[PDB]
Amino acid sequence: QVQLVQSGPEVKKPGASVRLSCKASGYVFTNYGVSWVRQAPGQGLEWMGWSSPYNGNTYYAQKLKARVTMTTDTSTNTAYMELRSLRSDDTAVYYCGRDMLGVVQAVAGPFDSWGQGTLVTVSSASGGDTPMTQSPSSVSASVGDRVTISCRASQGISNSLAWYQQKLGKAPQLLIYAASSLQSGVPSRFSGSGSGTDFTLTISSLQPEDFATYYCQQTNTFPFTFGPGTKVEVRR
């Protein structure tokens, strides 16, 4: 069984650096990419970059490229991410994830496994080429209802669109990849549709476990980008 275990929480002053680790077990480390995504408190998901344990190649989001370094150690099955020159807006939970199996060895893609996250708190000193949108941002529903969420890509992304569920206090979980392919172990009430720019996630009969935030993610080109999330809430 696939496991990613991340290092413990960090508290840093601005200007400092942090080095996070992610230990992989239960699979052939060099056959899959290892990538990093962060989430500021109460905010959405931001893709940081990708690393190949196979050949050492990396790609960093331009926003962060100057201050980030990602490496892998194939003798210990451990991935590392260093973020330098810290600022207040770097406070976030940092996740490592396993890019799912792809057409070529260790290619970046949707994450089929997530670390548990590392909180990095930067202490207080006072007081995206394909953007994605989601509609609605919030919706309330009752058990048994059909819930349908829209995703829109600002440029065509073919079918390179994934959907994730995130429950309060947990890492996200992959539901759908390639627009309409249901991930192993996900209930059949979840289904995805669309290609090009307009996509949908529908839950045919909402269950109590389904109240959560849902995110779409395009993986057509780097940098990968997430939609801002849709919260599915219990009716008041």
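Quick note: we count residues from 1 along the sequence shown, nothing fancier.
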item	value
Length class of the unmodelled deposited segment, which would lie between residue 127 and residue 128	10 or more
Mean C-alpha temperature factor, higher of 177-185 and 31-39	177-185
106-114 versus 128-136 - greater average Cα B-factor per the deposited record	128-136
Top Cα B factor in the deposited entry, candidates 165, 88, 160, 150	88
Top Cα B factor in the deposited entry, candidates 47, 54, 59, 199	54
Residue 25, C-alpha B-factor rank within chain (lowest, middle or highest third)	highest
Third of the chain, ranked by Cα B-factor, where residue 1 sits	highest
Residue 15 by Cα B-factor - lowest, middle or highest third of the modelled chain	highest
Third of chain Cα B-factors occupied by residue 120	middle
CA B-factor placement of residue 92, once the chain's modelled residues are sorted into thirds	lowest
